[PDB]
Structures are given as structure tokens and as C-alpha cells.
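Take a look at this single chain, the form deposited in one PDB entry, given in C-alpha cells.
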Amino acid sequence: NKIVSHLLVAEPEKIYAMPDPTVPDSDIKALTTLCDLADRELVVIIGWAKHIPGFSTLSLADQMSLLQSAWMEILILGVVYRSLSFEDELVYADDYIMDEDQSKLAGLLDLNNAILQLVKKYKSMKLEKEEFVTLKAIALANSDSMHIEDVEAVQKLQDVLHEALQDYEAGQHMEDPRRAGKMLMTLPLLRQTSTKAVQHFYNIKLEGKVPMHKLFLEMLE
């Protein structure tokens, strides 16, 4: 329960979405709200990544290559998790919950129903925070960057969290021996949500004027 518990120990406190009650809800209102929210989560994810046992010792050039590859998947994974104790809604933040009608209004119904599949599949198999923490970290390790300096040391980080997930699953879950595989086999749908999400993010020109790669190196200092 070592890495799992240490992952568990390194979760960030809940950050809050804080929508304007002054502004009539709209397309522009929703995208503004979620934009500011993700910006704040990203600050917290650079912080949370630094606590991944092993992440700190790699290149700065490779620390970017992961976050730049994982950050949307990690955003989505958090939202997926908060969303289980609800029904057919997405909990971006405790104070911000979007349902089908609200997705259709932000121009995200397509993407959200996909993320709602991941909500469903996880709750269908009663996912545990220990499993969430360890999967969330796995997604950051296996983001498949195009350009890694130590293509060896990353596989180490993958192999460790991989072991952690088997050791834990073997341990607290002997009811199902083909269960980490099940857990690992959700990773694909989570890539497709992220891939579509990232594409939309560009199509409506949300990247701003400093490239994401530039912002990630700043924070990692």
C-alpha cells in the first residue's frame, strides 16, 4: 500500500469554480467559467506532479513532455471522479455541475456524453480513491509524448505505478484477478475523451497567446 498511500497523501485540496450569478448563463459564460477553472487546476497539477514518486528526478525537458501530454486527461480524470455520486451530470467543481441541457448549451454535449461513459464505467465497477489516485498518476506516465529524453527512465515510472496497481489490486481485491487489466483498459476511453477535448479546445481558439509548453516550464520553476 506504499505508493498508493503516498499517491493518496499527495492529492490537492478542492479548488472552486465560482461562476458569476450576475451573468446570465450562456455559451460564453460556461466557457469563461471553465477556462478560469482549468487554469487554476493546472497550477495545482504542476504542484501535484512534483510529488509523483520519481517525477522530480527526470529532465525538466521531460517533465514538460508529460504534463503537456497528460494535462487534459488529468483534468478530465478529476472531473470524472467528482461525478460518480451524481446522475448524468459532470461535477467540474463542487459549486459547478453541468447536466445534459447545460452541456448542449455550452457546445459540449458530444464531448460530455463521452466523459459520462467514463463516469458510468467506473461506477459500474465501484472504483476506489486508491484506484483513482493510482490510475490518475498512470495516465500522466503513459501519455505517449512524441519526444522523451530518457525513454528508459519513463518506462521505470510506468513500471512502478504499474506494479503499485497490481500489488494493490492483488491485495485489497482478490475477488477479481483480471481487475487491474480492467482498470488499465479504461485508459483508452480516457485518451479519446482527452484527444477530442484537446481538438475542440483549439477549434474555438482557447490556447491564448503563450504556448502551453511555455507556461508549463515557468510553473515547474
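The numbering used is simple: start at 1 and walk along the sequence shown. Shifts are known only where both forms have a C-alpha. Rigid core (definition): largest C-alpha set, two forms, superposition within 1.5 Å.
- Two stretches are in play, 158-166 and 30-38, and the higher mean C-alpha B-factor belongs to 158-166.
- The mean Cα B-factor in the deposited entry runs higher for 146-154 than for the other of 94-102 and 146-154.
- Among all modelled residues in this chain, the alpha-carbon of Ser65 has a temperature factor (C-alpha) in the middle third.
- In the PDB entry, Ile15 places in the lowest third of its chain by CA B-factor.
- In this PDB entry, the Cα temperature factor of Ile204 sits in the bottom third of its chain's modelled residues, the lowest group.
- Per the PDB record, residue ranking by Cα B-factor puts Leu190 in the lowest third of the chain.
- Residue-level temperature factors show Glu131 in the highest third of its chain, judged at the C-alpha atom.
Beyond what is shown, the protein has a form solved in complex with a partner chain; the following relates to that form.
- For the three marked residues, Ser5, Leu8 and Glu128, no heavy atom of any sits within 4.5 Å of the partner chain in the entry with it bound.
- The closest non-hydrogen atom of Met219 lies within 4.5 Å of the partner chain in the entry with it bound.
- Using a 4.5 angstroms threshold between heavy atoms, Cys35 stays clear of the partner chain in the entry with it bound.
- Residue contact check for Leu60: one or more of its heavy atoms lie within 4.5 Å of the partner chain in the entry with it bound.
- Proximity of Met64 to the partner chain in the entry with it bound: non-hydrogen atoms within 4.5 Å are present.
- Relative to the superposed core, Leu8 undergoes a Cα shift smaller than 2 Å between this form and the one not shown.
- If you fit the rigid core between this form and the one not shown, you'll see the Cα of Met212 move by 2 angstroms or more.
- The Cα-Cα distance between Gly208 and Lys50 is lengthened by 3 Å or more in the entry with it bound relative to the form shown here.
- A change of 3 Å or more separates the two forms for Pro211 and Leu108: their C-alpha atoms lie closer together in the entry with it bound.
- After superposition on the rigid core, the sole stretch of at least three consecutive residues with Cα shifts of 2 Å or more between this form and the one not shown is 206-221.
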